[PDB]
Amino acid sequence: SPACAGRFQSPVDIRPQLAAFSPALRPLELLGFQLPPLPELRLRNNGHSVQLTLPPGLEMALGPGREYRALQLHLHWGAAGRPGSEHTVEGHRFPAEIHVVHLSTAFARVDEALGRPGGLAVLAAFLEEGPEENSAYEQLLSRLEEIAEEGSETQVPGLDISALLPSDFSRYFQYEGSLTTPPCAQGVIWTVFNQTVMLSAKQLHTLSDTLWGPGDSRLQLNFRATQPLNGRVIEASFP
């Protein structure tokens, strides 16, 4: 896929001392994310990640009139004691990373948005090890054994998607880049939360040790290597 050799790819290393503070970056607005138990949601092992299909009505704004609808979320992870986040911070790789993918409300279809500036926006958060079991993540992690096989799927009860995300929606980094998988389309607005979310070590081991990929392989280390900024400046919403 020649687009994977484009100049403005993701993921990148975030170097906060080189980030550009702009006070124009307002707190993220996420409405309609508190889903009721029904209808249930499709959870799928697609061989590259585990992907949760989101329903209509999850509305997100990166700014005044810059609105988005959530399509899906998925994760990137490592292996036994090996971190697998996509973004890094000053060369540090975190245990895992969640991506919530959104479509601009200026586009009816994903295929129209691919390669167009701001057509797609991803909310990204690092997952770290903490002492407590995370209830929000347990709702998904507890269903991975059902979909251990590549290509399998199941249905899960609706859940509060926003509970999967960090505490402070006013503190993030932002830049324009690409999908981290083929077709590697550019024009994707990446927003990476400053703060992380915590999962227990058992939960992180469950994420990385349960699913199978293409052939006899485990579905692990499903992250792309770091790409150069090529002159892009990462913005920060805080001084």
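Numbering starts at 1 and follows the sequence shown.
For the pair 109-117 and 129-137, the mean B factor over Cα atoms is greater in 129-137. For the two regions 230-238 and 1-9, the entry's Cα B-factors average higher over 1-9. Residues shown: 26, 44, 69, 66. Highest C-alpha temperature factor in the entry: 44. In the PDB entry, the Cα temperature factor peaks, among 97, 146, 168, 90, at 146.
In the deposited entry, the Cα temperature factor of residue 201 places it in the highest third of its chain's modelled residues. Sort the modelled residues of the chain by CA B factor and residue 217 lands in the highest third. Compared with the other modelled residues of the chain, the Cα B-factor recorded for residue 210 ranks in the highest third. Ranked by C-alpha B-factor against the other modelled residues of its chain, residue 142 falls in the highest third. Annotation for residue 82: CA B-factor lies in the highest third of the chain's modelled residues.
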